[PDB]
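Protein chains in written order, with the entry's author numbering: chain h, 9 to 50; chain B, 9 to 404, 410 to 508; chain F, 13 to 479; chain E, 162 to 322; chain b, 162 to 209; chain S, 1 to 188.
Right, one structure below, let's go through it.
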Ligand SMILES: Nc1ncnc2c1ncn2[C@@H]1O[C@H](COP(=O)(O)OP(=O)(O)OP(=O)(O)O)[C@@H](O)[C@H]1O
Ligand SMILES: Nc1ncnc2c1ncn2[C@@H]1O[C@H](COP(=O)(O)OP(=O)(O)O)[C@@H](O)[C@H]1O
Ligand SMILES: Nc1ncnc2c1ncn2[C@@H]1O[C@H](COP(=O)(O)OP(=O)(O)O)[C@@H](O)[C@H]1O
Ligand SMILES: [Mg+2]
Ligand SMILES: [Mg+2]
């Protein structure tokens, strides 16, 4: 059962994937911090 | 993304009928389990939190199980499932280039280990018939180790010395030097190095792996890291995991080299493991078992005869001695288990004489056997000359005495070396030849290093034909000796 | 009978029987194994429970297995068919040449000879080693001990004795390697095959081999010594022939006994050693004796842990030996070999009525002068030799000459040293030391004596050095 | 004492907060109350701590000398927690002063004795190696930042072994 | 690319798990119990 | 010594030693069922507030305990085995843990007659039809002679599925572990 449940959960998530879904400000802040760390080391 | 969904399917969700037990009391790193009626001794039970444990004590009413992780992830009342197999580890050529922890769980990223075979960490050493005398040479690429205190394949040398005297450096140079053999044509000179890091800072092992990847040396190395933070029952087990990953090669006709670094920090993990079991402490609080612990581990570095595949497993235990006391408990426990020893003085090291091998005390009890004939010719003289120099260096008259002093100082300056700079055997032969036959007695000792460098850059560039002749015919013939003498004389002239 | 395992802790297995228990020291077979695992009974806990010591790996023992009593203690094949074979503790052959086809078996836990059987005759054994012959003359038919730290010479010396004594011997021989390297055992096997001492195609072998090497669990190491004693006791009694019995390393017997004595639930003695250290050693070393039926010459290599001669194990074993030979790391670091310490080696035949008067007087003069030099060393190490009387300077010179002259090159150490191995007859040794003490060589330098045979070679080397 | 240990600590704090922008933590394990108060006031005077304008460069954590051993063996972990925050959730370098590091091992030893564990070689807990490892192995330079630890060391009996 | 994609996947799993935990709140327990009992029959048959 | 007949199940501790002694005593003379009866009757007797409070005070002479227990075992005409057992416990001073003793014996009697215990855990109750088919399938696990002794239980923690324990065997049909396994698989 749960294999089908995971399958359909991914389906119903990807269908609402007009981008990163329900991420929040932490999404952007952490990504920017990591990117700027990459810049500092690159 | 859909890659992850494929990651979902194909997972084994089948349920099986499995025996089980209930934890009674977890504390001090030894869980007590109730049940597990049909559990074998030294079996690998699995807790409910994904941990693992080795069924250690089969008492009538419970099972003392040593946890292979942090015992804070184990409750009282948890469920312990027996996996029905004595403690195993994954072995194969699928591990080469992978940093696996003490149980074969890749701590590397880089996907999982795709191994198809498992060995038992608690196997037994080969008996007396399978073994054969040590015959083949293990090239360390270090002039002092390769000339004076050579090593063979099947031998189990020891590297013993204080804090920061260059033991890990010798190990890493030995690992790196094998790169040339591990590219040639014959599978008979390929050495598959292993490196067990026991109770070592994790950053150290990370940088060591980075260094081994710079030198293209991870194509054959396996790093089995049970670092400082890891629970004691993992530092105790890591050497046996590594020794099994090496026994696989040894038993399948190949050649392996395993470096335990350190074994003075496995015995400390074992002393913790014991005193927490209430076992009666002995000399220095070590259990009386602390010998069998190392004897059983180092007795597997065998050299199987040709009727048993012909493989081999060299071992290079690294002991660390406080204040350079070679007569402590563990140092002597191990000095009576191994076939040799390399003492790394901490005052030779502080003089800039690196690597700091103390050739007075170092020895290899297979020694001249399993040494290239060329190096034997060149280095027997060096051994005698260094002996004579040592006999007299306690004061600083006649012609012979001053001659001994000068030749010995030249040779000492000649045996220094730099890090991550292993030298082919023929290069060592050439340098020590130019040193011992006496084509350096006029040059100032302080310059002997520069000469060395320059000389190499010459010989490697111009006369590679002679070096190939020495390598192929592992011996210095008379014509080769004459050509080499000409080369040395001519080069020294222009200096 | 048939019991069932009820506990398995390390190498100690607690078994339970419903019918009559087996008496202590019996052997039990764990039914249901891929090999032969023999558990030897050691205690009777009560509740028809016994506590046994396993003579093999106890990994894979399920609580509730079936154990089947043998009825007699461990019994090994003894006889003239064990000559040239190899044997583990439980007597199985481990050389891969088929079973040991003997007629008569022997239990490894026999009793010591009674007081009304001990022999008393004492006679010197000449070994060709200068220091051993001079200061601690070995006795033919008596226990001998080589006390050494780790890496000092116990095994090179026991191999030199093997060579010298055994190859020039008429009787049989037994080598019971207990708790020692496995590659060393292999090298010894393949080095006696090439010497004709072991014969793989005939019945002219002279040496039996028993091995409990250091990869073996504590249960096996603690009993292989008894297997060696049994294989030698047979040749002593049921043949009435002179046996040699080399054991290396006999300290592993007691060490293994202590490793498997915390689990038996005993209160640990002085240094963690078992409470029964002295008695366990005695019941073993008391079967290694020359009696009126035969004569065993035992050479035992005792390890001295952490270079401590006051450790309970060597301290206890010092009382079971005729002649001791204390190899010391301090001498070995000077390059002298064998590292024998002249002022700790002793013998029971250092009697002027046994070794004569010239031998005894020379040996005692050597010891007196070495002791004087040792007393001087405390001052010499600070105020230098420039602060000694003239008689003291002369004494120090003689003492250094003697210390060097005691060093000898062995045959088995050619690969190490390259030098040629020497046997120095006893008369040559006495003569050389008599001369050095008289003063006939105060003009030579110390190094003229380093690693030479009889004093003729010392004079020759002194001549070489002078050019 | 008397050599400039506190002044050197303050200078390291200041320079690292000025030439790198990274803050500092001071875990006074087994800290004399008198010395702790003196350090606090020296810092306030020297400006590394400031009671008015929210620009202090130090976070002080004090496990005093009169607290049960169970509390002197854990203060090092409180200091490490604060510094780990400054390293992971603010991605910078950090200094972590530990005065003293011997009192940490001693506190661990007393806790282990209280629990009833067989003392090790010289009375130290059996878990000395891993007790030191779990703490010392969180002071490292990960891929977000680094914690650099300056650990005052006392050598018992002038015995380096 | 590696960094952004791996963080994306981590968040993927985080929310997928959090929401399937909610989605287990249906009334299919009868089907689950039936499947479990059938699998028990399978195991019992195999184990004899 | 005598050859005490081994009980089917082995218990350990002082409770287990007393229980094994009693089981071997009763098994000889074949008095197991009645002995269990007197044991489960002293189970009620000893809970009497007066006796319960009197037998826990350590300041009443042990002989007083034994005398009182002989009085309270003569009134009920207990088999000689049970009276001797209680006198033995009073002499040795273990009657403070009698409930562990008698309880152990009960266990040691169940395993005698084949009541291989089981246990089923679920997130909700079970329909008697579903529970009955469950019992019918579980009966197939046992051997001949043995009879199931089911014990339903409820936990909210496990979402769905089911958990079954059959003596030693253990099958985790729960959805908690299935979800965890899937999460590990899709992380690792
Ligand atoms: N051959 C060499 N020439 C110059 N420097 C060396 C050499 N070998 C080691 N060193 C230096 O010694 C220092 C420590 O050496 P290394 O780590 O190999 O010793 P170690 O015994 O492994 O130390 P530890 O065991 O405490 O990790 C390093 O800074 C290293 O560069
Ligand atoms: N007679 C000797 N001559 C030269 N070297 C020796 C002699 N005896 C021992 N040595 C050196 O000391 C080492 C000690 O080894 P060995 O005596 O075989 O082991 P053990 O530690 O059991 O005594 C040898 O490997 C050898 O290098
Ligand atoms: N760089 C410096 N300049 C001037 N004085 C200093 C310097 N370093 C140390 N001192 C003096 O040394 C003394 C040592 O005290 P301090 O280091 O503050 O405490 P502790 O002695 O406990 O380390 C101080 O009073 C200070 O006056
Ligand atoms: Mg290192
Ligand atoms: Mg030896």
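Yeah, the Cβ is synthetic: ideal placement off N, Cα and C, and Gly gets one too.
Per DSSP, which one or two residues make a beta bridge with residue 29 of chain F?
Walking along the third chain from the start, residue 29 of chain F turns up at place 17. Note: residue 29 of chain F sits in a beta bridge opposite F:15.
In three-state DSSP terms, what is residue 87 of chain B?
The residue given as residue 87 of chain B occupies position 79 in the second chain. Here residue 87 of chain B sits in strand by DSSP.
May I ask you to list, following chain order, the residues of the stretch 175–190 of chain b that have a beta carbon less than 7 Å from some beta carbon of chain h?
Of all residues in the stretch 175–190 of chain b, those with a C-beta nearer than 7 Å to a C-beta of chain h are 176, 177, 180, 181, 184, reading in chain order.
Contact criterion: CB-CB distance below 7 Å. Does residue 201 of chain b meet it with respect to chain S?
Residue 201 of chain b sits at position 40 when you count from the first residue of the fifth chain. Chain S, which has a Cβ nearer than 7 Å to the Cβ of residue 201 of chain b, makes this yes.
Which chain E residues sit within Cβ distance under 7 Å of residue 339 of chain B?
As a position in the second chain, residue 339 of chain B is number 331, starting the count at 1. The contacting residues do not exist; residue 339 of chain B stays about 13 Å from chain E at best.
If distances are taken between C-alpha atoms only, which option among F:316, F:286, F:372 comes closest to residue 260 of chain F?
The residue you call residue 260 of chain F lines up with position 248 of the third chain. Nearest of F:316, F:286, F:372 to residue 260 of chain F, Cα basis: F:316.
Would you list the residues sitting across from residue 258 of chain E in a DSSP beta bridge?
Taking the first residue of the fourth chain as position 1, residue 258 of chain E is located at position 97. Beta-bridge analysis with DSSP links residue 258 of chain E to E:187, E:311.
Is residue 350 of chain F a contact residue of ligand 2, with contact defined as CB to any heavy atom under 6 Å?
For the purposes of this step, residue 350 of chain F is taken as residue 338 along the third chain, with counting starting at 1. Checking the Cβ of residue 350 of chain F against ligand 2 gives yes.
Residue 306 of chain E CB to nearest chain h CB: under 7 Å?
The count along the fourth chain starts at 1 and reaches residue 306 of chain E at position 145. No, its Cβ sits nowhere closer than 7 Å to a Cβ of chain h.
Residue-chain proximity (residue 169 of chain S, chain B), Cβ-Cβ < 7 Å
The sequence position of residue 169 of chain S within the sixth chain is 169, counting from 1. With a threshold of 7 Å between beta carbons, residue 169 of chain S makes contact with chain B.
Looking at the C-beta of residue 13 of chain B, does it have a partner C-beta in chain h at a distance below 7 Å?
Residue numbering aside, residue 13 of chain B sits at position 5 when the second chain is read from its first letter. With respect to chain h, the C-beta atom of residue 13 of chain B has a partner C-beta closer than 7 Å.
Sequence-distant residues of the same chain with beta carbon closer than 7 Å to residue 436 of chain B, five excluded per side
Residue 436 of chain B sits at position 423 when you count from the first residue of the second chain. Around residue 436 of chain B: 149, 151.
Are the Cβ atoms of residue 123 of chain S and residue 166 of chain S separated by less than 7 Å?
Your numbering for residue 123 of chain S matches position 123 in the sixth chain. Your numbering for residue 166 of chain S matches position 166 in the sixth chain. No. Outside cutoff.
Measure the CB-CB distance between residue 236 of chain F and residue 190 of chain F and report whether it falls below 7 Å.
The residue given as residue 236 of chain F occupies position 224 in the third chain. The residue given as residue 190 of chain F occupies position 178 in the third chain. Yes, the pair counts as a contact, with Cβ atoms nearer than the cut-off.
Near ligand 5, which residues have their beta-carbon less than 6 Å from any of its heavy atoms, given in chain order?
Residues flagged by the Cβ proximity filter: F:166, F:167, F:192.
Proximity test, Cβ basis, 7 Å: residue 17 of chain B and chain h
The residue given as residue 17 of chain B occupies position 9 in the second chain. Chain h has a Cβ within less than 7 Å of the Cβ of residue 17 of chain B.
Is it true that the CB of residue 121 of chain F sits closer than 7 Å to the CB of residue 5 of chain F?
Nothing about residue 5 of chain F can be read from this structure; chain F reaches only from 13 to 479.
Contiguous beta strand (DSSP E) assignments of at least 3 residues, all confined to the stretch 197–229 of chain E:
Complete beta strand (DSSP E) runs here, min 3: 219–225.
Beta-carbon neighbours of residue 50 of chain h, restricted to chain B and to distances below 9 Å:
Translated into positions along the first chain, residue 50 of chain h becomes position 42. Chain B residues near residue 50 of chain h: none, gap ~18 Å exceeds 9 Å.
If we ignore side chains and look at the alpha-carbon of each, how far apart do residue 385 of chain F and residue 355 of chain F end up?
Position 373 of the third chain, counted from the start, is the residue given in the question as residue 385 of chain F. Position 343 of the third chain, counted from the start, is the residue given in the question as residue 355 of chain F. The C-alpha of residue 385 of chain F lies about 12 Å from the C-alpha of residue 355 of chain F.
I'd like to know if the stretch 306–316 of chain E and the stretch 232–252 of chain E are in contact, where contact means that at least 3 CB-CB pairs between them fall below 8 Å.
With contact defined as three or more Cβ pairs closer than 8 Å, the stretch 306–316 of chain E and the stretch 232–252 of chain E are in contact.
Among F:264, F:124, F:118, which residue has its Cα nearest to the Cα of residue 193 of chain F?
Here the question's residue 193 of chain F lines up with position 181 in the third chain. Comparing alpha carbon positions, the residue from F:264, F:124, F:118 closest to residue 193 of chain F is F:264.
Quick check on residue 279 of chain F: does DSSP put it in helix, strand or coil?
What you label residue 279 of chain F is simply residue 267 of the third chain in a count that begins at 1. Residue 279 of chain F: coil per DSSP, three-state reduction.
Beta strand (DSSP E) runs wholly inside the stretch 150–229 of chain B, at least 3 long, in chain order
Whole beta strand (DSSP E) segments, 3+ residues: 167–169, 200–206.
Would you say residue 14 of chain h reaches chain S, if we count a Cβ-Cβ gap shorter than 7 Å as a contact?
Position 6 of the first chain, counting from 1, holds the residue named residue 14 of chain h. Nearest CB-CB separation between residue 14 of chain h and chain S: below the 7 Å threshold.
Should residue 200 of chain B go down as buried or exposed, given a rule of 16 or more other Cβ atoms within 10 Å for buried?
In the second chain, the residue the question calls residue 200 of chain B occupies position 192. Residue environment analysis places residue 200 of chain B among the buried positions, since at least 16 neighbouring C-beta atoms fall within 10 angstroms of its C-beta.
Against chain F, with Cβ distances strictly below 7 Å, would residue 93 of chain B count as a contact?
Counting from one through the second chain, the residue named residue 93 of chain B turns up at place 85. It does not: the Cβ of residue 93 of chain B has no partner Cβ on chain F nearer than 7 Å.
Where residue 508 of chain B falls, given that 16 or more other Cβ within 10 Å makes a residue buried:
By one-based count along the second chain, residue 508 of chain B stands at place 495. Exposed, because fewer than 16 other Cβ atoms sit within 10 Å of the Cβ of residue 508 of chain B.
Under 7 Å between C-beta atoms, does residue 34 of chain h make it to chain b?
Sequence index remark: in the first chain, residue 34 of chain h carries index 26 (1-based). Proximity of residue 34 of chain h to chain b, defined by a Cβ-Cβ separation below 7 Å, is not satisfied.
Residues of chain B with a CB under 7 Å from the CB of residue 165 of chain b: which are they?
For the purposes of this step, residue 165 of chain b is taken as residue 4 along the fifth chain, with counting starting at 1. Under the 7 Å cutoff, chain B gives no residues; its nearest Cβ is about 13 Å from residue 165 of chain b.
Alpha-carbon to alpha-carbon, residue 13 of chain F and residue 405 of chain B
Position 404 is followed directly by 410 in chain B, which means residue 405 of chain B is not present among the coordinates.
Considering only their Cβ atoms, is the gap separating residue 413 of chain F from residue 461 of chain F smaller than 7 Å?
Here residue 461 of chain F refers to the residue found at position 449 when the third chain is read from its first residue. Here residue 413 of chain F refers to the residue found at position 401 when the third chain is read from its first residue. Yes, the pair counts as a contact, with Cβ atoms nearer than the cut-off.
Run of the alpha helix (DSSP H) containing residue 182 of chain b, from where it starts to where it stops:
On the fifth chain, residue 182 of chain b is found 21 positions in, with the first residue counted as 1. For residue 182 of chain b, the enclosing alpha helix (DSSP H) covers residues 163–184.
Can we count residue 176 of chain B as close to ligand 4, meaning its CB is less than 6 Å from some heavy atom?
Along the second chain, one-based indexing puts residue 176 of chain B at 168. Answer for residue 176 of chain B: yes, Cβ within range of ligand 4.
Indicate whether residue 221 of chain F and residue 187 of chain F have their beta-carbon atoms separated by less than 7 Å.
Translated into positions along the third chain, residue 221 of chain F becomes position 209. Translated into positions along the third chain, residue 187 of chain F becomes position 175. Going by beta carbons, residue 221 of chain F and residue 187 of chain F fall inside the 7 Å limit.
List, in chain order, every chain S residue whose beta-carbon is nearer than 8 Å to that of residue 10 of chain h.
Looking up residue 10 of chain h in the first chain gives position 2. Ordered by position in chain S, the residues that pass the 8 Å Cβ test against residue 10 of chain h are 175, 178, 179, 182.
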